[PDB]
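Beneath this line is the structure, given in structure tokens, with notes to follow.
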Ligand SMILES: *CC(=O)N1Cc2ccccc2[C@@H](c2cccc(C)c2)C1
Ligand SMILES: *CC(=O)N1Cc2ccccc2[C@@H](c2cccc(C)c2)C1
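Protein chains in written order, with full-length UniProt numbering: chain W, 3264 to 3567; chain Z, 3264 to 3567.
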């Protein structure tokens, strides 16, 4: 028992991190097979970030201008191309530690682990969620760009995020591994504001099921609700609307605990209306929304 | 910017995890050099756990009864000994992935990362703290025993914990890598209750400094306090007493922010007395105590 905000083991991703330097800018790269993926703003100076024309800036860059170092050894760059907001640097050596992998573009509400790196070296690993406004709340300082987000299914690493920037409010924006930003963000030092950071309702419900499985049951009430009634309350509290697809995904958790999804929705409704009253659920004084129903099942069953 | 509960990159520890089976019990082992470390209760049946005499149970075990599997390959056990509550299984092959390592016995309040494993395979990584009552609040199911806690300083892994058991209240107990339990716990299926889980005051203050560094400043007040005055309030709220050693350790954070330690103590005092009033600090509605002053410095500076 016990329920923790758990990240995937980072080993498979650590074996892929490299340092990429272009001129005076150093960030992180992801080395998979004979390609190193990194944010295209590695070619920019801080001054260029104000209004960069990446195709124009890239004309002045040759293969030998991208310095790629894996550990303490230099990789030879034999090609380079820009795909959306990422650069793909073809190297002459396939990464011997390349795991089985996929590039996936996740949906808001989905969680993933981030291996934060500086100068191609891992500093730490934590669990994130793609927010409903397409930002993430990470921990990223200067030099962290190029750090990646991922999920693992047994031996296959699905890369879903690459860090590119911090908004003026301290929230983070980045791309999938094809270089497409999540949300409307652009890789430019311009004021870009995030939309409403709503709460991932299906994730809160999943975490309420994890709480019941682990002994925290004080919040269970004598009520039930309907999707429409619940959603009127959810809208009022800036919670994402709950759909029948979300109810379906919670099915296994509902089955394991014997608590119908709509009954858990009514418990959540009373928690929103009445508050926690100084109490905690799984050591938290707020409703946690960065565990998906799949994460709850995985952690509660011990998937390796 | 942004502040996350971050675990160390787990790669170096993943390369050490093995499966240890004795009879019908399977748990995790830590393979360092030519020795595999695992909880001595691997020799027990669930029935034996009620009142086990480990020396007696061990007489019936030979080297060939301990089945050690690293990945999908079997290791040959050429020796075995009991050191306190851990078994040391001498194998004929040194672990080729053994990192630089130390065995450290940590103090309450110190944090570490846990790589939770099942059948020698890693399922996830999370950050823990050794509580003041010598328990940890982990996420451990049956099969997780033998999973280890650790800290990393650049390339040296300091192993500090090995998981052995869950108390009837769902909190966890284990040993250092010499087999000595943290606290008064014994590896027996007997009712053992934990003492008061007090709050790690120095860690809360460190996290309040991290909040200020990251923009969360609403809680800063116009007051100051003394160690004795603060401690009268801390005792009332089941917080650990703050010492001049703790004040000294917070010095770098006090210097970076320009907020004197005793001024932050007064802010903490008002937070304890007045509550959060529905507000959050670094996305938490309660005062976080599982970041040490060293963790705050490390994360805020990007140590790899
Ligand atoms: C993520 C990171 O480390 N940086 C540092 C950096 C170096 C060189 C150019 C730009 C940057 C930063 C930046 C600023 C404004 C916009 C974007 C997309 C990145 C991020
Ligand atoms: C940590 C873990 O997986 N287990 C399972 C287990 C297998 C075999 C014998 C005992 C145990 C469990 C246990 C029960 C009571 C006390 C202690 C020290 C361990 C823990």
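Just so it is clear, CB atoms sit at the ideal spot from N, CA and C, and this is done for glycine as well.
- Task: Taking only beta-carbon positions, decide if residue 3269(Z) is within less than 8 Å of chain W.
- Result: Chain W contact via Cβ: present.
- At least 3 beta-carbon pairs within less than 8 Å: the segment 3274 to 3288 of chain Z vs the segment 3406 to 3418 of chain W: By the C-beta criterion, the segment 3274 to 3288 of chain Z is judged not to be in contact with the segment 3406 to 3418 of chain W, since fewer than 3 inter-stretch pairs fall below 8 Å.
- Determine the DSSP secondary structure at residue 3470(Z), reduced to helix, strand or coil. helix
- Query: If you pair each beta-carbon of the segment 3518 to 3534 of chain W with each one of the segment 3360 to 3371 of chain W, do three or more pairs fall below 8 Å?
  - Reply: no
- Message: On the CB-based measure, 16 or more other CB atoms within 10 Å of its CB, does residue 3470(W) come out buried or exposed?
- Response: buried
- Message: Which residues in chain Z have a C-beta closer than 8 Å to the C-beta of residue 3543(W)? List them in chain order.
- Response: By Cβ distance, chain Z contributes 3549.
- Task: Kindly identify the DSSP beta-bridge partner or partners of residue 3463(W).
- Result: According to DSSP, residue 3463(W) bridges with nothing at all.
- Task: Measure the CB-CB distance between residue 3270(Z) and residue 3270(W) and report whether it falls below 8 Å.
- Result: yes
- Query: Is the beta carbon of residue 3339(Z) less than 8 Å from the beta carbon of residue 3389(W)?
  - Reply: no
- For the segment 3270 to 3311 of chain Z, list the alpha helix (DSSP H) runs that are entirely contained and at least 4 residues long, ordered along the chain. 3274 to 3277
- Message: Below 7 Å on C-beta distance, what does residue 3566(Z) contact in chain A?
- Response: The chain labelled as chain A is not found among the protein chains of the depicted structure, namely W and Z.
- Item | Proximity below 8 Å, CB of residue 3265(Z) to CB of residue 3435(W) | Going by C-beta atoms, residue 3265(Z) is nearer than 8 Å to residue 3435(W).
- Inter-residue CB distance, residue 3578(Z) and residue 3501(Z) (contact presumed, cutoff 8 Å): What the structure shows of chain Z is the stretch from 3264 to 3567, and residue 3578(Z) is not part of that stretch, so it cannot be assessed.
- Assuming residue 3326(Z) contacts residue 3343(Z) under a Cβ cut-off of 8 Å, what Cβ separation, rounded to an integer in Å, is found between them? 6 Å
- Query: Is it buried or exposed for residue 3241(W), if we count other Cβ within 10 angstroms and need 16 for buried?
  - Reply: Here chain W has residues from 3264 to 3567 only, and residue 3241(W) is not among them.
- residue 3506(W): buried (16+ other C-beta within 10 angstroms of its C-beta) or exposed? Counting Cβ neighbours within 10 Å, residue 3506(W) comes out exposed, since fewer than 16 surround it.
- Message: Starting from residue 3590(Z), trace the beta strand (DSSP E) in both directions and tell me its first and last residue.
- Response: This structure cannot settle anything about residue 3590(Z), because the visible part of chain Z is limited to 3264 through 3567.
- Task: Compute every distance between the C-beta of residue 3427(W) and the non-hydrogen atoms of ligand 1, then say whether any falls below 7 Å.
- Result: Residue 3427(W) Cβ: within cutoff of ligand 1.
- Same chain only: Cβ atoms within 6 Å of residue 3395(W), ignoring 5 sequence neighbours per side: Closer than 6 Å at Cβ, skipping near neighbours: 3371, 3461 and 3503.
- Task: Would you kindly work out how many angstroms separate the C-alpha atoms of residue 3423(Z) and residue 3439(Z), rounded to a whole number?
- Result: 5 Å
- Which class does residue 3438(Z) belong to by DSSP, given the choice of helix, strand or coil? strand
- Query: Can you name the residues that DSSP bridges to residue 3403(Z)?
  - Reply: Looking at the DSSP output, residue 3403(Z) sits in no beta bridge, so it has no partner there.
- Quick one: which chain W residues come within Cβ less than 8 Å of residue 3396(Z)? Correct list: empty, because the minimum Cβ distance to chain W is about 15 Å.
- Message: DSSP three-state label for residue 3537(W), please.
- Response: In the three-state DSSP reduction, residue 3537(W) falls in the helix class (H, G or I).
- Item | Where residue 3518(Z) falls: helix, strand or coil (DSSP) | helix
- Task: Please decide whether residue 3327(Z) counts as near chain W, where near means a Cβ-Cβ distance under 8 Å.
- Result: Not one chain W Cβ lies under 8 Å of residue 3327(Z).
- Message: Under 8 Å, Cβ to Cβ, is there at least one residue of chain Z near residue 3373(W)?
- Response: no
- Task: Note down the Cα distance separating residue 3374(W) from residue 3410(Z), rounded to an integer number of angstroms.
- Result: A direct Cα-to-Cα measurement between residue 3374(W) and residue 3410(Z) gives close to 24 Å.
- Query: Around the C-beta of residue 3341(Z), are 16 or more other C-beta atoms found within 10 angstroms, so that it is buried, or is it exposed?
  - Reply: exposed
- Do the CB positions of residue 3290(Z) and residue 3272(Z) come within less than 8 Å of each other? The answer is no: Cβ separation not under 8 Å.
- Query: Would residue 3287(W) pass as a contact of residue 3308(W) if the rule is Cβ separation under 8 Å?
  - Reply: Yes, the Cβ-Cβ distance between residue 3287(W) and residue 3308(W) is below 8 Å.
- Item | chain W contact for residue 3477(Z) (CB, 8 Å cutoff) | By the rule that beta-carbons nearer than 8 Å mark a contact, residue 3477(Z) touches chain W.
- Task: Pull up the distance between the alpha-carbon of residue 3513(W) and that of residue 3552(W), whole angstroms please.
- Result: 14 Å
- List, in order along the chain, the chain Z residues whose C-beta lies closer than 7 Å to that of residue 3264(W)? 3429 and 3433
- Going along the chain, which residues of its own chain have a beta-carbon closer than 8 Å to the beta-carbon of residue 3324(W), five neighbours each way excluded? 3285, 3306 and 3343
- Item | DSSP-derived helix/strand/coil call for residue 3391(W) | strand
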